[PDB]
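Coordinates as given in upload_27.cif (mmCIF, C-alpha atoms and all ligand atoms):
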```cif
data_run
#
loop_
_atom_site.group_PDB
_atom_site.id
_atom_site.type_symbol
_atom_site.label_atom_id
_atom_site.label_comp_id
_atom_site.auth_asym_id
_atom_site.auth_seq_id
_atom_site.Cartn_x
_atom_site.Cartn_y
_atom_site.Cartn_z
ATOM 1 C CA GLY K 4 -116.235 -250.441 271.493
ATOM 2 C CA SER K 5 -117.129 -246.786 272.139
ATOM 3 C CA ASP K 6 -119.237 -244.459 270.018
ATOM 4 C CA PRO K 7 -117.465 -242.029 267.692
ATOM 5 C CA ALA K 8 -117.198 -238.608 269.276
ATOM 6 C CA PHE K 9 -119.747 -235.890 268.590
ATOM 7 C CA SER K 10 -118.528 -232.938 266.585
ATOM 8 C CA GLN K 11 -121.114 -230.853 268.467
ATOM 9 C CA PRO K 12 -121.250 -230.012 272.195
ATOM 10 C CA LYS K 13 -123.980 -231.994 273.951
ATOM 11 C CA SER K 14 -125.794 -228.840 275.058
ATOM 12 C CA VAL K 15 -126.277 -227.828 271.431
ATOM 13 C CA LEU K 16 -127.789 -231.235 270.678
ATOM 14 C CA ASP K 17 -129.991 -230.995 273.773
ATOM 15 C CA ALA K 18 -131.417 -227.682 272.483
ATOM 16 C CA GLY K 19 -133.005 -229.496 269.528
ATOM 17 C CA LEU K 20 -135.060 -232.041 271.536
ATOM 18 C CA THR K 21 -138.620 -231.346 272.747
ATOM 19 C CA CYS K 22 -141.278 -233.594 274.321
ATOM 20 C CA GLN K 23 -144.875 -232.391 274.207
ATOM 21 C CA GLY K 24 -146.211 -232.163 277.731
ATOM 22 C CA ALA K 25 -143.239 -233.748 279.490
ATOM 23 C CA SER K 26 -139.551 -233.367 280.105
ATOM 24 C CA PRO K 27 -137.181 -235.513 278.006
ATOM 25 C CA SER K 28 -135.276 -236.301 281.204
ATOM 26 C CA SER K 29 -138.390 -237.928 282.705
ATOM 27 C CA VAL K 30 -141.067 -239.189 280.307
ATOM 28 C CA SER K 31 -143.288 -242.249 279.935
ATOM 29 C CA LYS K 32 -143.892 -243.898 276.563
ATOM 30 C CA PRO K 33 -141.898 -241.442 274.425
ATOM 31 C CA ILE K 34 -141.676 -241.562 270.654
ATOM 32 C CA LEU K 35 -138.935 -239.773 268.687
ATOM 33 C CA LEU K 36 -140.017 -237.893 265.548
ATOM 34 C CA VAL K 37 -137.260 -236.958 263.074
ATOM 35 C CA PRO K 38 -138.355 -234.413 260.413
ATOM 36 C CA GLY K 39 -137.547 -234.154 256.729
ATOM 37 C CA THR K 40 -135.311 -231.855 254.690
ATOM 38 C CA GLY K 41 -136.275 -228.195 254.932
ATOM 39 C CA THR K 42 -138.492 -228.660 258.006
ATOM 40 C CA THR K 43 -138.574 -228.589 261.769
ATOM 41 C CA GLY K 44 -140.212 -231.252 263.919
ATOM 42 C CA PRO K 45 -143.503 -229.385 264.218
ATOM 43 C CA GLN K 46 -143.553 -228.333 260.554
ATOM 44 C CA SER K 47 -143.320 -232.021 259.646
ATOM 45 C CA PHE K 48 -145.639 -233.586 262.242
ATOM 46 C CA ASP K 49 -147.926 -230.774 263.482
ATOM 47 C CA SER K 50 -150.937 -231.969 261.469
ATOM 48 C CA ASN K 51 -150.326 -235.722 261.630
ATOM 49 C CA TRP K 52 -148.207 -237.904 263.908
ATOM 50 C CA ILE K 53 -147.818 -235.549 266.883
ATOM 51 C CA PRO K 54 -151.593 -235.582 267.574
ATOM 52 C CA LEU K 55 -151.958 -239.154 266.229
ATOM 53 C CA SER K 56 -149.285 -240.759 268.389
ATOM 54 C CA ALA K 57 -150.669 -238.945 271.437
ATOM 55 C CA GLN K 58 -153.983 -240.744 270.959
ATOM 56 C CA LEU K 59 -152.164 -244.080 270.702
ATOM 57 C CA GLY K 60 -150.771 -243.508 274.206
ATOM 58 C CA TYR K 61 -147.328 -242.043 273.489
ATOM 59 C CA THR K 62 -145.672 -238.822 274.574
ATOM 60 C CA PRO K 63 -144.749 -237.118 271.289
ATOM 61 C CA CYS K 64 -141.126 -235.973 271.162
ATOM 62 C CA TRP K 65 -139.105 -234.615 268.244
ATOM 63 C CA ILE K 66 -135.824 -233.077 267.173
ATOM 64 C CA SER K 67 -135.422 -229.939 265.070
ATOM 65 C CA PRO K 68 -131.803 -229.834 263.817
ATOM 66 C CA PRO K 69 -130.940 -226.256 262.743
ATOM 67 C CA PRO K 70 -131.353 -224.834 260.217
ATOM 68 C CA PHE K 71 -134.374 -226.863 259.019
ATOM 69 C CA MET K 72 -132.299 -230.026 258.467
ATOM 70 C CA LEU K 73 -130.273 -228.274 255.721
ATOM 71 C CA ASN K 74 -126.922 -228.680 257.477
ATOM 72 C CA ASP K 75 -124.620 -231.709 257.163
ATOM 73 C CA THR K 76 -126.552 -234.950 257.560
ATOM 74 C CA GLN K 77 -123.861 -236.374 259.849
ATOM 75 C CA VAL K 78 -124.487 -233.466 262.204
ATOM 76 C CA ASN K 79 -128.267 -233.884 262.059
ATOM 77 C CA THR K 80 -127.492 -237.461 263.120
ATOM 78 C CA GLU K 81 -125.819 -236.246 266.308
ATOM 79 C CA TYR K 82 -129.079 -234.620 267.369
ATOM 80 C CA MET K 83 -130.889 -237.946 266.979
ATOM 81 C CA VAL K 84 -128.313 -240.125 268.761
ATOM 82 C CA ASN K 85 -128.289 -237.639 271.623
ATOM 83 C CA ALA K 86 -132.106 -237.646 271.617
ATOM 84 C CA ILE K 87 -132.493 -241.410 271.879
ATOM 85 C CA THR K 88 -129.813 -241.619 274.575
ATOM 86 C CA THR K 89 -131.741 -238.986 276.500
ATOM 87 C CA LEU K 90 -135.242 -240.406 275.966
ATOM 88 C CA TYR K 91 -134.184 -244.000 276.642
ATOM 89 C CA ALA K 92 -132.773 -243.109 280.048
ATOM 90 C CA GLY K 93 -135.573 -240.561 280.454
ATOM 91 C CA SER K 94 -138.081 -243.415 280.355
ATOM 92 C CA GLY K 95 -136.013 -245.478 282.780
ATOM 93 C CA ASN K 96 -133.802 -247.351 280.269
ATOM 94 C CA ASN K 97 -136.617 -248.609 278.056
ATOM 95 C CA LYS K 98 -136.485 -248.844 274.287
ATOM 96 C CA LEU K 99 -138.565 -246.324 272.371
ATOM 97 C CA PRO K 100 -139.990 -246.161 268.850
ATOM 98 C CA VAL K 101 -138.590 -243.718 266.310
ATOM 99 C CA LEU K 102 -140.712 -242.323 263.466
ATOM 100 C CA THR K 103 -139.160 -240.350 260.610
ATOM 101 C CA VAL K 104 -139.809 -238.764 257.218
ATOM 102 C CA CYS K 105 -137.462 -238.126 254.242
ATOM 103 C CA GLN K 106 -133.892 -237.354 255.451
ATOM 104 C CA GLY K 107 -135.081 -238.363 258.936
ATOM 105 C CA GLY K 108 -135.001 -241.999 257.876
ATOM 106 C CA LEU K 109 -131.515 -241.508 256.433
ATOM 107 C CA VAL K 110 -130.513 -239.832 259.718
ATOM 108 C CA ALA K 111 -132.018 -242.661 261.791
ATOM 109 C CA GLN K 112 -130.181 -245.321 259.763
ATOM 110 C CA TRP K 113 -126.899 -243.391 259.797
ATOM 111 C CA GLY K 114 -126.996 -243.189 263.581
ATOM 112 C CA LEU K 115 -127.873 -246.854 263.993
ATOM 113 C CA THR K 116 -125.006 -247.784 261.668
ATOM 114 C CA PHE K 117 -122.176 -245.715 263.152
ATOM 115 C CA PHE K 118 -123.234 -245.172 266.791
ATOM 116 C CA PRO K 119 -123.608 -248.677 268.254
ATOM 117 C CA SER K 120 -124.699 -247.450 271.683
ATOM 118 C CA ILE K 121 -128.201 -246.623 270.434
ATOM 119 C CA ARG K 122 -128.853 -249.875 268.540
ATOM 120 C CA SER K 123 -130.413 -251.502 271.624
ATOM 121 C CA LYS K 124 -132.262 -248.329 272.652
ATOM 122 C CA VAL K 125 -134.556 -247.965 269.628
ATOM 123 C CA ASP K 126 -137.460 -250.386 269.981
ATOM 124 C CA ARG K 127 -138.444 -250.109 266.297
ATOM 125 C CA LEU K 128 -138.190 -247.689 263.399
ATOM 126 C CA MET K 129 -141.144 -246.495 261.297
ATOM 127 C CA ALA K 130 -139.864 -244.484 258.315
ATOM 128 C CA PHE K 131 -142.104 -242.675 255.826
ATOM 129 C CA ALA K 132 -140.494 -242.017 252.428
ATOM 130 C CA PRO K 133 -136.869 -242.438 253.606
ATOM 131 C CA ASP K 134 -134.169 -241.752 251.030
ATOM 132 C CA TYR K 135 -131.447 -244.168 252.073
ATOM 133 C CA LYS K 136 -129.957 -243.991 248.559
ATOM 134 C CA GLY K 137 -130.756 -240.304 248.200
ATOM 135 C CA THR K 138 -132.715 -239.022 245.210
ATOM 136 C CA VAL K 139 -131.940 -238.514 241.552
ATOM 137 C CA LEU K 140 -134.190 -235.441 241.368
ATOM 138 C CA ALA K 141 -131.520 -233.463 243.275
ATOM 139 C CA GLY K 142 -129.556 -232.798 240.077
ATOM 140 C CA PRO K 143 -125.998 -233.802 239.200
ATOM 141 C CA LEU K 144 -123.270 -233.352 241.827
ATOM 142 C CA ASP K 145 -121.508 -230.953 239.419
ATOM 143 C CA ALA K 146 -124.298 -228.338 239.429
ATOM 144 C CA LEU K 147 -125.004 -227.945 243.160
ATOM 145 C CA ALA K 148 -122.327 -225.321 243.939
ATOM 146 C CA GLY K 149 -124.024 -223.262 246.641
ATOM 147 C CA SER K 150 -126.735 -225.772 247.554
ATOM 148 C CA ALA K 151 -127.223 -226.941 251.104
ATOM 149 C CA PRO K 152 -124.890 -229.563 252.615
ATOM 150 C CA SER K 153 -127.660 -232.180 253.034
ATOM 151 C CA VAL K 154 -128.797 -231.614 249.443
ATOM 152 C CA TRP K 155 -125.273 -232.541 248.326
ATOM 153 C CA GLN K 156 -125.358 -235.636 250.503
ATOM 154 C CA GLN K 157 -128.781 -236.888 249.378
ATOM 155 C CA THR K 158 -127.799 -236.733 245.702
ATOM 156 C CA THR K 159 -127.585 -240.194 244.189
ATOM 157 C CA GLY K 160 -123.970 -241.290 244.070
ATOM 158 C CA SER K 161 -122.892 -239.071 246.975
ATOM 159 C CA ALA K 162 -120.071 -240.113 249.258
ATOM 160 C CA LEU K 163 -122.536 -240.210 252.153
ATOM 161 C CA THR K 164 -124.961 -242.664 250.538
ATOM 162 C CA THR K 165 -121.980 -244.642 249.293
ATOM 163 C CA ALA K 166 -120.501 -244.966 252.797
ATOM 164 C CA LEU K 167 -123.815 -245.913 254.400
ATOM 165 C CA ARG K 168 -124.206 -248.632 251.768
ATOM 166 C CA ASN K 169 -120.717 -250.110 252.090
ATOM 167 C CA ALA K 170 -120.887 -250.058 255.914
ATOM 168 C CA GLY K 171 -123.863 -252.419 255.805
ATOM 169 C CA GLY K 172 -126.361 -249.608 256.494
ATOM 170 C CA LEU K 173 -128.928 -250.710 253.890
ATOM 171 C CA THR K 174 -129.835 -253.651 256.157
ATOM 172 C CA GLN K 175 -132.352 -253.202 258.942
ATOM 173 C CA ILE K 176 -130.563 -252.800 262.265
ATOM 174 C CA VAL K 177 -133.654 -252.575 264.503
ATOM 175 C CA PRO K 178 -137.154 -253.765 263.424
ATOM 176 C CA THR K 179 -137.995 -251.350 260.616
ATOM 177 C CA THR K 180 -141.040 -250.535 258.505
ATOM 178 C CA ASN K 181 -140.606 -248.350 255.426
ATOM 179 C CA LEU K 182 -143.732 -246.945 253.771
ATOM 180 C CA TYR K 183 -143.138 -245.178 250.459
ATOM 181 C CA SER K 184 -144.705 -244.469 247.083
ATOM 182 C CA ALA K 185 -143.655 -244.994 243.499
ATOM 183 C CA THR K 186 -145.325 -241.628 242.767
ATOM 184 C CA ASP K 187 -143.038 -239.819 245.206
ATOM 185 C CA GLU K 188 -142.238 -236.562 243.443
ATOM 186 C CA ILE K 189 -139.238 -235.833 245.722
ATOM 187 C CA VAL K 190 -137.509 -239.196 246.215
ATOM 188 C CA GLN K 191 -136.785 -241.275 243.101
ATOM 189 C CA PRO K 192 -136.407 -243.992 242.045
ATOM 190 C CA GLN K 193 -139.227 -245.599 244.033
ATOM 191 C CA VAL K 194 -140.948 -247.659 241.338
ATOM 192 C CA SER K 195 -139.362 -251.093 241.506
ATOM 193 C CA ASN K 196 -140.770 -252.393 244.815
ATOM 194 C CA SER K 197 -137.298 -253.877 245.228
ATOM 195 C CA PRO K 198 -133.828 -253.125 246.660
ATOM 196 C CA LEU K 199 -133.429 -250.617 243.812
ATOM 197 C CA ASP K 200 -135.726 -248.206 245.653
ATOM 198 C CA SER K 201 -134.223 -245.527 247.846
ATOM 199 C CA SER K 202 -136.602 -246.476 250.684
ATOM 200 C CA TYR K 203 -135.784 -250.196 250.649
ATOM 201 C CA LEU K 204 -133.936 -251.782 253.583
ATOM 202 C CA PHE K 205 -132.802 -255.388 253.504
ATOM 203 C CA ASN K 206 -134.794 -257.516 256.018
ATOM 204 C CA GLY K 207 -137.145 -254.646 256.760
ATOM 205 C CA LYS K 208 -140.892 -254.466 256.191
ATOM 206 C CA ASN K 209 -140.769 -252.509 252.940
ATOM 207 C CA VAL K 210 -144.245 -251.256 252.059
ATOM 208 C CA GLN K 211 -144.476 -249.596 248.645
ATOM 209 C CA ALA K 212 -147.990 -248.147 248.439
ATOM 210 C CA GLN K 213 -148.585 -249.371 244.886
ATOM 211 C CA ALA K 214 -147.714 -252.958 245.827
ATOM 212 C CA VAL K 215 -150.641 -253.050 248.254
ATOM 213 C CA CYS K 216 -153.099 -250.626 246.704
ATOM 214 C CA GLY K 217 -152.444 -251.224 243.009
ATOM 215 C CA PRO K 218 -150.408 -249.520 240.303
ATOM 216 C CA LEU K 219 -153.054 -246.844 239.756
ATOM 217 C CA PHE K 220 -152.806 -245.804 243.418
ATOM 218 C CA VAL K 221 -151.443 -242.255 243.604
ATOM 219 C CA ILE K 222 -149.819 -240.877 246.731
ATOM 220 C CA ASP K 223 -147.227 -238.127 246.870
ATOM 221 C CA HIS K 224 -144.288 -237.354 249.161
ATOM 222 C CA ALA K 225 -146.355 -235.586 251.821
ATOM 223 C CA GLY K 226 -149.224 -238.052 251.488
ATOM 224 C CA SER K 227 -146.738 -240.793 252.335
ATOM 225 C CA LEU K 228 -146.652 -239.346 255.857
ATOM 226 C CA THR K 229 -150.270 -238.231 256.478
ATOM 227 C CA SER K 230 -152.527 -240.602 254.519
ATOM 228 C CA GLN K 231 -155.037 -242.841 256.275
ATOM 229 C CA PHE K 232 -153.180 -245.779 254.718
ATOM 230 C CA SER K 233 -150.004 -244.443 256.326
ATOM 231 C CA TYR K 234 -151.742 -244.163 259.695
ATOM 232 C CA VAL K 235 -153.015 -247.742 259.624
ATOM 233 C CA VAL K 236 -149.596 -249.042 258.574
ATOM 234 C CA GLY K 237 -147.820 -246.808 261.084
ATOM 235 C CA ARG K 238 -150.156 -247.941 263.841
ATOM 236 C CA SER K 239 -149.539 -251.601 262.985
ATOM 237 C CA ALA K 240 -145.777 -251.107 263.266
ATOM 238 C CA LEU K 241 -146.038 -249.471 266.700
ATOM 239 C CA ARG K 242 -148.438 -252.039 268.201
ATOM 240 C CA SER K 243 -146.814 -255.084 266.550
ATOM 241 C CA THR K 244 -145.244 -257.732 268.744
ATOM 242 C CA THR K 245 -142.635 -258.202 265.983
ATOM 243 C CA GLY K 246 -141.754 -254.493 265.808
ATOM 244 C CA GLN K 247 -142.696 -254.377 262.106
ATOM 245 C CA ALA K 248 -146.030 -253.657 260.461
ATOM 246 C CA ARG K 249 -148.004 -256.892 260.011
ATOM 247 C CA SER K 250 -149.642 -257.702 256.683
ATOM 248 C CA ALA K 251 -152.687 -259.007 258.562
ATOM 249 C CA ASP K 252 -153.250 -255.653 260.313
ATOM 250 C CA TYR K 253 -153.436 -253.416 257.253
ATOM 251 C CA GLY K 254 -154.802 -254.518 253.898
ATOM 252 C CA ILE K 255 -156.841 -253.211 251.001
ATOM 253 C CA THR K 256 -159.476 -252.051 253.491
ATOM 254 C CA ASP K 257 -157.054 -249.229 254.231
ATOM 255 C CA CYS K 258 -156.055 -247.912 250.785
ATOM 256 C CA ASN K 259 -157.126 -244.301 251.378
ATOM 257 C CA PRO K 260 -154.624 -241.567 250.396
ATOM 258 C CA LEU K 261 -156.282 -238.737 252.295
ATOM 259 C CA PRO K 262 -155.348 -237.390 255.761
ATOM 260 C CA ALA K 263 -155.792 -239.885 258.570
ATOM 261 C CA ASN K 264 -159.365 -240.520 259.667
ATOM 262 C CA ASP K 265 -158.683 -240.012 263.386
ATOM 263 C CA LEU K 266 -157.420 -236.495 262.680
ATOM 264 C CA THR K 267 -159.664 -233.548 263.451
ATOM 265 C CA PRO K 268 -161.221 -231.550 260.573
ATOM 266 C CA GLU K 269 -158.758 -228.713 261.236
ATOM 267 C CA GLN K 270 -155.850 -231.199 261.311
ATOM 268 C CA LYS K 271 -157.170 -232.924 258.152
ATOM 269 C CA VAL K 272 -157.100 -229.639 256.189
ATOM 270 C CA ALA K 273 -153.545 -228.803 257.312
ATOM 271 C CA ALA K 274 -152.337 -232.297 256.407
ATOM 272 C CA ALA K 275 -153.924 -232.085 252.924
ATOM 273 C CA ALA K 276 -151.999 -228.879 252.142
ATOM 274 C CA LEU K 277 -148.627 -229.771 253.703
ATOM 275 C CA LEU K 278 -145.903 -227.982 251.686
ATOM 276 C CA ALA K 279 -143.038 -228.999 253.994
ATOM 277 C CA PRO K 280 -141.482 -231.089 251.130
ATOM 278 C CA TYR K 281 -140.961 -227.780 249.230
ATOM 279 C CA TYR K 282 -140.486 -225.488 252.269
ATOM 280 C CA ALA K 283 -136.727 -225.377 251.694
ATOM 281 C CA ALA K 284 -137.081 -223.405 248.451
ATOM 282 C CA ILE K 285 -137.732 -220.263 250.547
ATOM 283 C CA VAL K 286 -135.519 -220.951 253.581
ATOM 284 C CA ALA K 287 -131.936 -219.695 253.554
ATOM 285 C CA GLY K 288 -129.455 -222.468 254.290
ATOM 286 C CA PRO K 289 -125.711 -222.965 254.503
ATOM 287 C CA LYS K 290 -123.520 -222.633 251.435
ATOM 288 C CA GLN K 291 -121.555 -225.630 250.176
ATOM 289 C CA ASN K 292 -119.249 -225.892 247.148
ATOM 290 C CA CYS K 293 -118.287 -229.606 247.480
ATOM 291 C CA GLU K 294 -119.774 -232.621 249.180
ATOM 292 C CA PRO K 295 -119.016 -232.333 252.902
ATOM 293 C CA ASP K 296 -116.163 -234.475 254.132
ATOM 294 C CA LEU K 297 -117.144 -237.725 255.790
ATOM 295 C CA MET K 298 -116.526 -238.066 259.499
ATOM 296 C CA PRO K 299 -113.481 -240.289 260.145
ATOM 297 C CA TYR K 300 -115.714 -243.198 261.143
ATOM 298 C CA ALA K 301 -117.298 -243.319 257.671
ATOM 299 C CA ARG K 302 -114.359 -242.317 255.439
ATOM 300 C CA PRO K 303 -113.083 -245.894 254.821
ATOM 301 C CA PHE K 304 -116.433 -246.984 253.348
ATOM 302 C CA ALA K 305 -116.469 -244.481 250.486
ATOM 303 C CA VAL K 306 -112.895 -244.761 249.149
ATOM 304 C CA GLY K 307 -112.641 -243.221 245.702
ATOM 305 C CA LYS K 308 -115.465 -240.752 246.229
ATOM 306 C CA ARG K 309 -114.974 -236.995 245.901
ATOM 307 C CA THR K 310 -115.496 -234.662 248.840
ATOM 308 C CA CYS K 311 -114.151 -231.282 249.924
ATOM 309 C CA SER K 312 -110.733 -232.637 250.924
ATOM 310 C CA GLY K 313 -110.340 -234.503 247.655
ATOM 311 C CA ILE K 314 -110.834 -238.082 246.589
ATOM 312 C CA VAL K 315 -111.261 -240.146 249.765
ATOM 313 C CA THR K 316 -108.538 -242.730 250.444
ATOM 314 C CA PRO K 317 -107.755 -245.366 253.056
HETATM 315 NI NI NI K 401 -139.178 -234.443 252.366
#
```
How does this structure look as structure tokens?
Ligand code: NI
Amino acid sequence: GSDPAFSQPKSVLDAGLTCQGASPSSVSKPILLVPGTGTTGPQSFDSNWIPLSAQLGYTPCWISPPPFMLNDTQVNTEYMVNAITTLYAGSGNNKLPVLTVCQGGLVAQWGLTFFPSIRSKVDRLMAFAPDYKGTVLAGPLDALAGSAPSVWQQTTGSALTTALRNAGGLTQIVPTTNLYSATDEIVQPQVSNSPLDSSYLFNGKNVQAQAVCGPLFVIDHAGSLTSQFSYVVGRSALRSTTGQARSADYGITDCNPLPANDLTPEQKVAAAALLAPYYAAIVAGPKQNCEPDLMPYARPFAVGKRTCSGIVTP
């Protein structure tokens, strides 16, 4: 039951993977970091989970799909599937955690859905503000002529989010923890604490910040990745014997929306001013006049949706 074929040559996918202080071919305790839209690996995790996971005993690794995750999401997924295949064997055929933010969570779940070979190679998934259903703040699909391919695909009602949904991709495939906020200014809707939210996965550990820390708790898109509450939740997921964050680990002791306590003062300042969410506004990306066609492995699950070739059919 082979994997679908990569549209990209494997050497191009290998050029996006980097382990801090080790080689991806031979590494002990790796963790895969998948960045958000408009960012590279370092731009997303420089001030937070690259130094934080290193203190927890992991070798930080990450992918940086070019250019800044603005290309087709299904191509960004190839970088991740190649990265886990590499890191899993690189640690001697041992599962590894994967930690994501924004489109990274949608990339992680796309790869787990359509590339079965990696499903038993990810130990657990820890996703901060993932947009599995996309976002409504991306505008209507009929006013994005020229916008980046991934911006088309993360627009609510896209063929990509439709196919992921109908393929069974809104169910956790490996042990997953999703930490998100109702006050996410990038990903909406996030207010229901229910399967209506873009970050919700069926059977996962879905942690909406306001459900733990109260409705008046305010935490933005970037804060969802760097807050002390995010660190304590993220650390519970990684150390858990269930592979999901445990409600007994974190609690209301931890409801602090500022950069993680174990960060340095320099790394706390950089995390409190992280503009990566809005970095894309200045970066030049690809041009796209219609939603990118779905790869043949996902086309059946979005029948009736409109992409560049026309209305998808069986
Ligand atoms: Ni983002």
Could you list, as a compact mmCIF listing (two decimals) with C-alpha atoms, in the frame of the given file, every residue matched by the PyMOL selection byres (((not hetatm)) within 12 of (chain K and resi 401)) in this structure?
```txt
# COMPACT_ATOMS: atom_id res chain seq x y z
CA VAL K 37 -137.26 -236.96 263.07
CA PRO K 38 -138.35 -234.41 260.41
CA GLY K 39 -137.55 -234.15 256.73
CA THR K 40 -135.31 -231.86 254.69
CA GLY K 41 -136.28 -228.20 254.93
CA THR K 42 -138.49 -228.66 258.01
CA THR K 43 -138.57 -228.59 261.77
CA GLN K 46 -143.55 -228.33 260.55
CA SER K 47 -143.32 -232.02 259.65
CA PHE K 48 -145.64 -233.59 262.24
CA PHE K 71 -134.37 -226.86 259.02
CA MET K 72 -132.30 -230.03 258.47
CA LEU K 73 -130.27 -228.27 255.72
CA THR K 103 -139.16 -240.35 260.61
CA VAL K 104 -139.81 -238.76 257.22
CA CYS K 105 -137.46 -238.13 254.24
CA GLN K 106 -133.89 -237.35 255.45
CA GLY K 107 -135.08 -238.36 258.94
CA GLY K 108 -135.00 -242.00 257.88
CA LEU K 109 -131.51 -241.51 256.43
CA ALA K 130 -139.86 -244.48 258.32
CA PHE K 131 -142.10 -242.68 255.83
CA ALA K 132 -140.49 -242.02 252.43
CA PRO K 133 -136.87 -242.44 253.61
CA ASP K 134 -134.17 -241.75 251.03
CA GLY K 137 -130.76 -240.30 248.20
CA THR K 138 -132.72 -239.02 245.21
CA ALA K 141 -131.52 -233.46 243.28
CA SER K 153 -127.66 -232.18 253.03
CA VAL K 154 -128.80 -231.61 249.44
CA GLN K 157 -128.78 -236.89 249.38
CA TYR K 183 -143.14 -245.18 250.46
CA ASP K 187 -143.04 -239.82 245.21
CA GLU K 188 -142.24 -236.56 243.44
CA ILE K 189 -139.24 -235.83 245.72
CA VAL K 190 -137.51 -239.20 246.22
CA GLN K 191 -136.78 -241.28 243.10
CA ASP K 223 -147.23 -238.13 246.87
CA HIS K 224 -144.29 -237.35 249.16
CA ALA K 225 -146.35 -235.59 251.82
CA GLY K 226 -149.22 -238.05 251.49
CA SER K 227 -146.74 -240.79 252.34
CA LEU K 228 -146.65 -239.35 255.86
CA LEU K 277 -148.63 -229.77 253.70
CA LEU K 278 -145.90 -227.98 251.69
CA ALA K 279 -143.04 -229.00 253.99
CA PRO K 280 -141.48 -231.09 251.13
CA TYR K 281 -140.96 -227.78 249.23
CA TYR K 282 -140.49 -225.49 252.27
CA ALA K 283 -136.73 -225.38 251.69
CA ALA K 284 -137.08 -223.40 248.45
```
(message) Using all atoms listed in the file, can you tell me which of K:216, K:110, K:170, K:298 comes closest to residue 258 of chain K?
(response)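 Residue with the minimum atom-to-atom distance to residue 258 of chain K: K:216.
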(message) Just to confirm, what's the straight-line distance from atom CA of residue 184 of chain K to atom CA of residue 265 of chain K in Å (one decimal)?
(response)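 Taking atom CA of residue 184 of chain K and atom CA of residue 265 of chain K, their separation equals 21.9 Å.
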Cut-off 9 Å: closest segment 35-129 of chain K/segment 268-275 of chain K atom pairs per residue, using only C-alpha atoms, as CSV:
```
residue,atom,partner,partner_atom,distance
K:48,CA,K:274,CA,9.0
K:49,CA,K:270,CA,8.2
K:50,CA,K:270,CA,5.0
K:51,CA,K:274,CA,6.6
K:54,CA,K:270,CA,8.7
```
(request) Kindly resolve the PyMOL selection byres (((chain K and resi 203) around 10) and not hetatm) on the present coordinates and return the residues as JSON, numbers by chain. (result) {"K": [132, 133, 134, 135, 136, 173, 174, 175, 180, 181, 182, 183, 193, 195, 196, 197, 198, 199, 200, 201, 202, 204, 205, 206, 207, 208, 209, 210, 211]}
(request) List the residues matched by the PyMOL selection byres (((chain K and resi 20-23) around 6) and not hetatm) in the displayed structure as a PyMOL selection string, ordered by chain and then by residue number. (result) chain K and resi 17-19+24-25+27+63-66
(message) To one decimal place in Å, what is the distance between atom CA of residue 58 of chain K and atom CA of residue 33 of chain K?
(response)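 Between atom CA of residue 58 of chain K and atom CA of residue 33 of chain K the gap is 12.6 Å.
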(request) For atom CA of residue 306 of chain K and atom CA of residue 165 of chain K, determine how far apart the two atoms are, in Å to one decimal place. (result)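 About the pair atom CA of residue 306 of chain K and atom CA of residue 165 of chain K: they are 9.1 Å apart.
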(message) Considering all atoms listed in the file, can you say which of K:164, K:56, K:292, K:256 comes closest to residue 145 of chain K?
(response)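 That would be K:292, the residue with the smallest distance to residue 145 of chain K.
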Within 9 Å of residue 78 of chain K using all atoms listed in the file, minus same-chain residues under 2 positions, as a short mmCIF file (atom, residue, chain, number, x, y, z; two decimals) with C-alpha atoms, in the frame of the given file:
```
data_model
loop_
_atom_site.label_atom_id
_atom_site.label_comp_id
_atom_site.auth_asym_id
_atom_site.auth_seq_id
_atom_site.Cartn_x
_atom_site.Cartn_y
_atom_site.Cartn_z
CA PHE K 9 -119.75 -235.89 268.59
CA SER K 10 -118.53 -232.94 266.58
CA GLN K 11 -121.11 -230.85 268.47
CA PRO K 68 -131.80 -229.83 263.82
CA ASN K 74 -126.92 -228.68 257.48
CA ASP K 75 -124.62 -231.71 257.16
CA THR K 76 -126.55 -234.95 257.56
CA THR K 80 -127.49 -237.46 263.12
CA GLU K 81 -125.82 -236.25 266.31
CA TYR K 82 -129.08 -234.62 267.37
#
```
(request) Using all atoms listed in the file, find the one residue out of K:266, K:172, K:286, K:185 that sits nearest to residue 218 of chain K. (result)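 Closest residue, counting all atoms listed in the file: K:185.
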(message) Residues within 10 Å of (-154.6, -252.2, 256.0), file coordinates, counting all atoms listed in the file: what are they? Give the list as a list in words.
(response)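 Every polymer residue passing the test: residues 215, 216, 231, 232, 233, 234, 235, 236, 238, 239, 248, 249, 250, 251, 252, 253, 254, 255, 256, 257, 258 and 259 of chain K.
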(request) Go through K:293, K:16, K:311, K:99 one by one, measure the shortest atom-to-atom distance of each to residue 146 of chain K using all atoms listed in the file, and give the residue with the smallest value. (result) K:293
(message) Under the rule that only C-alpha atoms are counted, which of K:112, K:59, K:36, K:53 is the nearest residue to residue 86 of chain K?
(response)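 Once distances to residue 86 of chain K are computed over only C-alpha atoms, the minimum belongs to K:36.
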(request) With all atoms listed in the file counted, which protein, DNA or RNA residues have an atom no more than 12 Å from (-108.5, -233.2, 252.3) in the file frame? Please answer as a ChimeraX atom specification. (result) /K:293-299,302,308-316
(request) Go through K:246, K:260, K:44, K:307 one by one, measure the shortest atom-to-atom distance of each to residue 100 of chain K using only C-alpha atoms, and give the residue with the smallest value. (result)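 Closest to residue 100 of chain K of all the choices is K:246.
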(request) Quick one: everything within 6 Å of residue 94 of chain K, counting only C-alpha atoms, minus sequence neighbours fewer than 5 positions away in the same chain. Send it as a list in words. (result)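 The contact residues come out as residues 29, 30 and 31 of chain K.
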